[PDB]
Amino acid sequence: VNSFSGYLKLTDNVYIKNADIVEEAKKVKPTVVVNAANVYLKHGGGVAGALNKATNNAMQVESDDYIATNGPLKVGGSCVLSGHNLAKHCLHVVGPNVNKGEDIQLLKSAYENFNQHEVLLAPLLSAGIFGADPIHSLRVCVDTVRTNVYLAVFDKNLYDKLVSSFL
Ligand SMILES: Nc1ncnc2[nH]c3cc(F)ccc3c12
C-alpha cells in the first residue's frame with residue numbers, strides 16, 4: 001500500500017491521473033519524482049521549469065554543480081539528484097526532443113531508467129514541449145517500465161484522450 005490517490009489503473013504496474021506533477025509531488029512526497037530533463041539540466045520550461053520553480057531554483061543550483069563536475073547527460077540517460085521540497089530524490093531523465101531531431105527510439109532507453117526505482121511519480125517522457133506523441137509515449141512506458149509508475153498528466157483533455165485510446 002502507498003499514498004497515491006485518485007489514479008486509474010492501466011496495467012499491473014502503471015497508473016495515470018490528471019494532475020499537476022508539482023502539486024502531486026508536494027502532497028505525496030514520493031521517494032522519487034521524475035523530471036523531464038535535457039542533457040544540460042537547464043530547467044527552463046515544461047515539467048522541468050515548473051519543478052525547478054517549485055524548489056525556488058535550488059534544483060537548478062544543484063544541477064549546475066552536477067554538470068560542472070560530470071558534464072552533460074546522454075539522451076536516453078538519467079541521474080539521481082535531490083528531490084528538494086518535492087520528493088526524497090529527483091530522477092532527471094532525458095527523453096529525445098523531437099524539436100531537436102533526436103531519435104524517438106531513444107524513448108525506450110529513457111524509460112528503462114525507471115526500472116532502477118521500485119515506485120515513481122513521473123510525467124510522460126518526451127511529451128509536451130519535447131514534441132513526441134503522448135499516446136506513443138504512454139505505450140512505450142507500459143511496454144518498458146516494470147516497476148510501479150504513477151503518471152501525472154497536466155492537461156485534462158490530453159488525459160481523457162490517453163485513457164480513451166489506451167489499448
Ligand atoms: N507535462 C506535465 N505533466 C505533468 N505535470 C505537469 N506539470 C507541468 C507544469 C508546467 F508548467 C508544464 C508542464 C507540466 C506537466
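Values for this structure:
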{"item": "Hey, residue 52 touching a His at 6+ places or on another chain (Cβ under 7 Å), buried (at least 17 other Cβ atoms within 10 Å of the Cβ) and either charged (D, E, K, R) or free of Cβ contacts under 8 Å to residues at least 12 places away in the same chain (or both) or not", "result": "yes"}
{"item": "Long-range neighbours under 9 Å by Cβ, at least six apart or interchain, first residue closer than 21 Å to residue 20 by Cα within region 106-126, second among the basic types (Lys, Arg) and surrounded by fewer than 24 Cβ atoms within 10 Å (Cβ to Cβ)", "result": "114/146"}
{"item": "Unmet requirement for residue 109, which otherwise passes all of (1) more than 16 Å from the ligand (Cβ to nearest atom); (2) within 12 Å of the chain's Cα centre (by Cα)", "result": "(2)"}
{"item": "Residues of region 44-77 satisfying the condition of being under 14 Å from the mean Cα position of the chain (by Cα) and within 16 Å of the ligand (Cβ to nearest atom)", "result": "45, 46, 47, 48, 49, 50, 51, 52"}
{"item": "Failed condition for residue 150, given (1) in contact with a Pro (Cβ under 8 Å, 6 or more places away or on another chain); (2) over 24 Å from residue 3 (Cα atoms); (3) within 13 Å of the ligand (Cβ to nearest atom)", "result": "(2)"}
{"item": "Close pairs (9 angstrom Cβ cut-off, 6 or more residues apart or separate chains): under 19 Å from residue 86 (Cα atoms) in region 60-71, part of a helix (DSSP H, G or I) anywhere", "result": "60/52; 63/52"}
{"item": "Number of the condition not met by residue 157 [criteria: (1) without any contact (Cβ under 8 Å) to a residue 40 or more places away in the chain; (2) within 15 Å of the ligand (Cβ to nearest atom); (3) closer than 24 Å to residue 52 by Cα]", "result": "(3)"}
{"item": "Flag if residue 101 is surrounded by fewer than 16 Cβ atoms within 10 Å (Cβ to Cβ) and either within 14 Å of the ligand (Cβ to nearest atom) or of a type in the set (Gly, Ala, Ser) (or both)", "result": "yes"}
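All of the numbers you see were taken from the coordinates with simple rules; none came from a lab. Methodologically, a virtual Cβ is constructed for each residue, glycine included, from the backbone with ideal geometry; neighbour enumeration extends over all protein chains shown.
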